[PDB]
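Trainee: I'd like to ask some things about the structure below.
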RNA sequence: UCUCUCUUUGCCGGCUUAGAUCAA
């Protein structure tokens, strides 16, 4: 019944006709209208998956992929995984009988790498391509090529942004139809300031207070730059509650950002009975995949935080940028789902006249070193031959290529060097981390490096409470403080983690993130299969306590990321960069003479390093001399 | 060595951290570390003592009398700072890093620091003639523009409100003031001075 | 909902503070009395 | 009714402060007397068990 | 940070601290209230 | 005159520049 209520039912015949008669179809629509969930059902009913055919619909988000797969399996009244399944990066839950497949972009790139022509799929629908992920756009570039070779293969493009004309030019107008669905949205009136604001949160708090006292009940969703102002708004909203008048509703503030624990992110969905008005202080999470109902009034600051990587310094910084035009329309239209709502963007239309229309792709805002490995593995000598939708900056490509050359994966001619280069190309991870695993075979200690890599890719394995439990967390970790750095501390924690019977109460007691450890287990299992692809045994352990050769492999893996202490308390990277140690690391003030890190995060004044591990100079000298 | 009990630090950053304790005691040691005692106990010697080893030279017995080495005469501070003071070589890192080349003027005069990378571009068949740039570089300009200062989008700001020799030290606790600047001044020649002024 | 801004029916008073602070005291420390079983410890 | 939670912390500290009295380093002498009493009791108990 | 609006608990702790300490030990009284300064405690006592 | 209880019941560390200072 819910299938039939969606607006997409009335386009079924038209969508099928366009998809069949056109090699590539561009579908424009709003999230939640049924494009994500009902297009697979519609073409399965048409018969696209008939006779061994498979429906591979790409969902670039792992959680979204799994959730949509489960929803489609349940909506078709079929056992999970039988007809519809999900395949996310380093986690496979599929079956031979599965017809509707929701898959991640990286695995699909790997399948292209092994199978250049995708003979097992007759149709693939690209969904949620609006986020412009690196993997998504690389997949689009390769997919134009496969449509070039394959006349039977069909493409359906679903996007929440108006990019069809550029895609139409890129794909050729004679083979793409630009169709737009006519949804329904309650009319939303925009309100703009006559003069530019000086302090947008103070402008925001003024409007938030004015909405409560003068407008009918309804939750107000705000848009703020980042998580630092969220608590600031909590404090003023609490003070306003203390001084609230009898004519104003009890206004509850609710944070919503990426760094929260899931339960905190579940706190927002709670229903507050009585005269309680929710206000969600969301940075940018309440923009996609969030469907909180009852949102009426939205005040938009026009600023959003994002990430930029610096190739010259190999750093990454969180900077504030004015939002794009598309984001402004999405923010205005978010309010008004259930009833009429108004938006208050804290700037003037003259300010709107100047922002750039659409945010740049992550293929243009991420690390391209994994991308070059992909093209070189496919066999593309000249990177310029690949059909990029937007030309990536050449200097970034050159930074990645010089990094790969000094890494040894590329020769003087720029081609993959020895089995090392191809084996690195076969690895999902970055070339830097994979080198330690691949060189561990010469030394018979792959296991501890495998655990290190799994911990690094899975993420942070320690939990730091914000309450008084910080001392308790510190004491719980106090048993496993390694003199040699966090990396061997992580190794000890990983070794003893499996030694405590996978007890979840033990993980809680020791403030250890069990989820990260499980994900590391899946990563290491898949990398074991990856090494066995090269017939490398994975029973190799070092029986001796000397972690020195593990450190040789790591220094071979983090050649560039070394630094030594300066008198001023900072460290000089080998590349002449002034960095400061992060407070989280154990070796905060030990004044270790020589240090080695993995990742660098840069703030407006200090460049901070993570994953701190001590080293000795003569190892570096002997490694550099050869 | 048990790294001492680490729970003592907890949070409480620098300006409330008690004092450094060499042996869990509040006391400095060393002449240049703030202690009123240096050496063993204001002395050169050690607890056990020190004796030279026996010497015998007969063109075959001095062969057992080898030479002297760096480590055999240093102590733990000296070795620690010997490890700290070792910085050299580098080479390969310096050749392929930093700023290779950009903008047409620099291509002509400034040497391409890319070097072997120019041959790599030969592998890519660059053939750029006129170079190609991407809007990320306009965002790379944002690395040299601002990070915003909590202001609105349309806020024009103001121009009056933006702002940005040696010897021994007066003492790290003795602070700075009008007293501690260079009385001998010849800096800021012209960057702070205009070249012309409107007369009307 | 831990947002009961409603003023408390029992407001905190100073005399309450001093009373409940003093309440931390207990009876005088009771030591087990020494038993003089012979003459020398009596001496 | 629940005036957050840091106020409870400061209230507890204030309650401990207002009735603490007895100076600051007068806590050493009474403790030393208690320890001497314990040690003399142990000596006497050892003598009687002998 | 510092300052605020002098919640009733703060006022009551101020009254008790003046009971126990006196009117000439405002720093010692303000040690009880983390969120307030000796000048602020003296100002409230002499103004409200 | 005993016993218990209550009530009346006059009652039994110093000095100095507050010694000097104080942000999670």
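Trainee: What is the one condition in (1) farther than 29 Å from residue A:107 by Cβ; (2) not in a helix (DSSP H, G or I) that residue A:495 does not satisfy?
Mentor: Against the list (1) farther than 29 Å from residue A:107 by Cβ; (2) not in a helix (DSSP H, G or I), residue A:495 comes up short only on (2).
Trainee: Also, quick follow-up: Please tell me if residue A:254 is under 20 Å from residue A:337 (Cα atoms), within 13 Å of another protein chain (Cβ to nearest Cβ) and not in a helix (DSSP H, G or I).
Mentor: Spelling it out, residue A:254 is indeed under 20 Å from residue A:337 (Cα atoms), within 13 Å of another protein chain (Cβ to nearest Cβ) and not in a helix (DSSP H, G or I).
Trainee: Still on this structure, I have one more. Assuming residue E:5 fulfils every condition listed in (1) more than 16 Å from RNA strand F (Cβ to nearest atom); (2) not in a loop (DSSP other than H, G, I, E, B) apart from one, which condition is it?
Mentor: (2)
Trainee: Can you give me the number of residues within the stretch A:289-314 that are under 21 Å from residue A:128 (Cβ atoms), within 14 Å of chain B (Cβ to nearest Cβ) and surrounded by fewer than 20 Cβ atoms within 10 Å (Cβ to Cβ)?
Mentor: So the count comes out to 2.
Trainee: Among the residues of the stretch A:594-626, which ones are in a loop (DSSP other than H, G, I, E, B) and surrounded by 13 or more Cβ atoms within 10 Å (Cβ to Cβ)?
Mentor: Answer for the stretch A:594-626, where residues must be in a loop (DSSP other than H, G, I, E, B) and surrounded by 13 or more Cβ atoms within 10 Å (Cβ to Cβ): A:597, A:598, A:606, A:611, A:612, A:615, A:616.
Trainee: Can you find a residue that is within 14 Å of RNA strand F (Cβ to nearest atom), within 18 Å of residue D:19 (Cα to Cα) and assigned to a helix (DSSP H, G or I) anywhere in the stretch E:9-17?
Mentor: Within the stretch E:9-17 (the criterion being within 14 Å of RNA strand F (Cβ to nearest atom), within 18 Å of residue D:19 (Cα to Cα) and assigned to a helix (DSSP H, G or I)), the answer is yes, since at least one residue qualifies.
Trainee: Go through the stretch A:232-251 and report how many residues are assigned to a helix (DSSP H, G or I) and in contact with a strand residue (DSSP E or B) (Cβ under 8 Å, 6 or more places away or on another chain).
Mentor: Qualifying residue count for the region: 6.
Trainee: Among the listed residues B:70, B:92, identify the single one that is closer than 30 Å to residue A:575 by Cβ, within 14 Å of another protein chain (Cβ to nearest Cβ) and surrounded by 10 or more Cβ atoms within 10 Å (Cβ to Cβ).
Mentor: Working: B:70 fails: surrounded by 10 or more Cβ atoms within 10 Å (Cβ to Cβ).
Criteria check complete, one pass: B:92.
Trainee: Taking the stretch E:19-48, which residues are away from RNA strand F (no atom under 14 Å from the Cβ) and within 9 Å of another protein chain (Cβ to nearest Cβ)?
Mentor: Correct list: E:19, E:20.
Trainee: Out of the stretch A:412-428, which residues are under 25 Å from residue A:547 (Cα atoms) and surrounded by fewer than 18 Cβ atoms within 10 Å (Cβ to Cβ)?
Mentor: The one that is under 25 Å from residue A:547 (Cα atoms) and surrounded by fewer than 18 Cβ atoms within 10 Å (Cβ to Cβ): A:420.
Trainee: Consider the stretch C:8-22. How many of its residues are assigned to a loop (DSSP other than H, G, I, E, B) and at the interface with another protein chain (Cβ under 8 Å from one of its Cβ atoms)?
Mentor: 4
Trainee: Now for a different question. Given the criterion more than 21 Å from residue A:402 (Cβ to Cβ), within 11 Å of another protein chain (Cβ to nearest Cβ) and in contact with a strand residue (DSSP E or B) (Cβ under 8 Å, 6 or more places away or on another chain), identify the matching residue among A:616, A:602, A:589.
Mentor: Numbers: A:602 fails: more than 21 Å from residue A:402 (Cβ to Cβ); A:589 fails: in contact with a strand residue (DSSP E or B) (Cβ under 8 Å, 6 or more places away or on another chain).
On inspection, the qualifying residue turns out to be A:616.
Trainee: Among the residues of the stretch B:1-25, which ones are within 9 Å of another protein chain (Cβ to nearest Cβ) and closer than 14 Å to residue A:588 by Cβ? Steps first, please.
Mentor: Here is the first cut: in the stretch B:1-25, the residues within 9 Å of another protein chain (Cβ to nearest Cβ) are B:1, B:3, B:5-7, B:9-11, B:13.
Result: B:3, B:6, B:9, B:10, B:11, B:13.
Trainee: Tell me, yes or no, whether the stretch B:31-41 has at least one residue that is surrounded by fewer than 10 Cβ atoms within 10 Å (Cβ to Cβ), under 30 Å from the mean Cα position of the chain (by Cα) and within 30 Å of residue A:482 (Cβ to Cβ).
Mentor: No: the stretch B:31-41 contains no residue that is surrounded by fewer than 10 Cβ atoms within 10 Å (Cβ to Cβ), under 30 Å from the mean Cα position of the chain (by Cα) and within 30 Å of residue A:482 (Cβ to Cβ).
Trainee: A further question on this structure: Consider residue B:50 carefully, then state whether it is farther than 23 Å from residue B:77 by Cβ and either within 16 Å of RNA strand F (Cβ to nearest atom) or exposed (fewer than 11 other Cβ atoms within 10 Å of the Cβ) (or both).
Mentor: Considered against the rule, which asks whether it is farther than 23 Å from residue B:77 by Cβ and either within 16 Å of RNA strand F (Cβ to nearest atom) or exposed (fewer than 11 other Cβ atoms within 10 Å of the Cβ) (or both), residue B:50 comes out as no.
Trainee: Follow-up question, since we're still on this one. Any chance you could count how many residues in the stretch A:356-387 are surrounded by fewer than 19 Cβ atoms within 10 Å (Cβ to Cβ), under 19 Å from residue A:165 (Cβ atoms) and touching a helix residue (DSSP H, G or I) at 6+ places or on another chain (Cβ under 7 Å)?
Mentor: 4
Trainee: Can you pull out every residue in the stretch C:23-43 that is within 8 Å of chain D (Cβ to nearest Cβ) and not in a loop (DSSP other than H, G, I, E, B)?
Mentor: The answer is C:41, and nothing else.
Cβ: placed from backbone, ideal geometry, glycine included. Neighbour counts: every protein chain shown. Just so you know, all these numbers are worked out from the coordinates, no wet-lab data involved.
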